[PDB]
């Protein structure tokens, strides 16, 4: 009675917001009191306070009112009101307030001490009372700015139930999945998104991006990239296609397949570059495929273009350095690596290339110092970054092997082995150490172990085949080297080993063929395999 009385006074007075406030408070107390033991006047009294507060242009009072109504103990009638109110206040929190302006609901202008906290709370309560589409958008916003994409994926997953096959929620769910790191589910939901809308090329491009990455679903990636095929998204489409083709070529089993796929990749990259001569991704990847095909001058030209577009691209600089090393310009290459490193000090890959280049033109001490530097950087920076550390130690070991110091090499490889005892790289290095020490049978067995773990390790194949060749078992050595040729036909050491086997067997023509191939290949061999540069969208 008193509540509707103050409300009525507020009405007749239409100072007013005060009467509406009192009416609201007494109304809540009245409703609770009822529940212990619907109103028009009660509705107007409860609601039209904060309304006139916001109409006034005063935000603080409105927020205060919202918090007052929300702090009230839940009644089975005030639940819907509390829902709409919580939603609106969450909106106001996210869009109209920042961090430095926020104050606790208990504090004068679980109790959330931060803005995003209270907003999240209100949104969750709203969604809960909604049980049995704006709130989810607000959730995507609040968790989006804070990088909480997993929880977001869970929330949007809770949203999927009520929804029909509509575009926005499903696409949002897919994106949240992709951001959260759940690649496979994201790919599926994205397929369904292409199903819902075939207009947007961003969706198959994203799917292709995921497939090309960690999942390594190259076939699916090819399918999506094909689905994509505006000039920019067509360029991106052919780019993704070329990346897929290249990766597949790396994965390809036979030389025929490899060459076909590499040529296809080349074509797709050329098309992508002609579609958008400003997109340095396409230019770079074109240059990279050309590098892989041992077309060093062309690759150099397109690298120069890609660098004219983006002068500080780490991959572009790195490829430039590798191409220079391919032309046996080790000092220039090293200078350029040092440049990229002046722009990218934390980059481990660049540092590894620096190590190799220093071993090639500067000497062992320098490269060892670069290894120690990498070790310091690794300690300061810290899944598998352990593989990186192992590679640091193994690189140091390669330096010591190169010199002729089996003890230090054994030490470094032993650090790597503390990390990964049965790494094929570690096993290979144990073989190298054995060869250095003179124990050839031990070496043989270590390479056998390495190939047991990694049946395609071309280095282990070379060494094992060489050992067998020196043992007199030519047929076996040849078979091994043929497998090796299938794994990587650009490996000149393989062709030399093969030529030596064939020559030993009395097959001189084929042997000289092999030797020639080895010479032409070593003519354009980079200090580091071009494939060290990741092929990603």
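Positions refer to the first chain, counted from 1.
**Student:** From residue 382 on to residue 383, does the model leave out none, 1 to 3, 4 to 9, or 10 or more residues of the deposited sequence?
**Tutor:** Missing in between: 10 or more residues.
**Student:** Tell me which of 195-203 and 356-364 has the higher mean C-alpha B-factor in the deposited entry.
**Tutor:** The stretch with the larger average C-alpha B-factor is 195-203.
**Student:** Averaging the C-alpha B factors as listed in the entry, name the stretch that ends up higher: 212-220 or 100-108.
**Tutor:** That would be 100-108.
**Student:** Per the coordinate record, which of the options 145, 182, 236, 87 holds the highest CA temperature factor?
**Tutor:** Top of the list by C-alpha B-factor: 87.
**Student:** Choose from 481, 468, 509, 42 the residue with the greatest Cα B-factor as stated in the PDB record.
**Tutor:** Of the candidates given, the C-alpha B-factor peaks at 42.
**Student:** Going by the entry, which third of its chain does the Cα temperature factor of residue 160 land in?
**Tutor:** Within its chain, residue 160 is a highest-third residue by C-alpha B-factor, going by the deposited values.
**Student:** Hey, what third does residue 537 fall into on Cα B-factor, ranked over its chain?
**Tutor:** Its C-alpha B-factor belongs to the middle third of this chain's values.
**Student:** Place residue 473 in the lowest, middle or highest third of its chain's C-alpha B-factors, as listed in the PDB entry.
**Tutor:** According to the entry, residue 473 has a C-alpha B-factor in the chain's middle third.
**Student:** What third of the chain does residue 451 rank in for C-alpha temperature factor, lowest, middle or highest?
**Tutor:** Answer is lowest: the recorded C-alpha B-factor places it there.
**Student:** For the chain shown, is the CA B-factor of residue 225 in the lowest, middle or highest third of its modelled residues?
**Tutor:** Middle third of the chain for residue 225's C-alpha B-factor.
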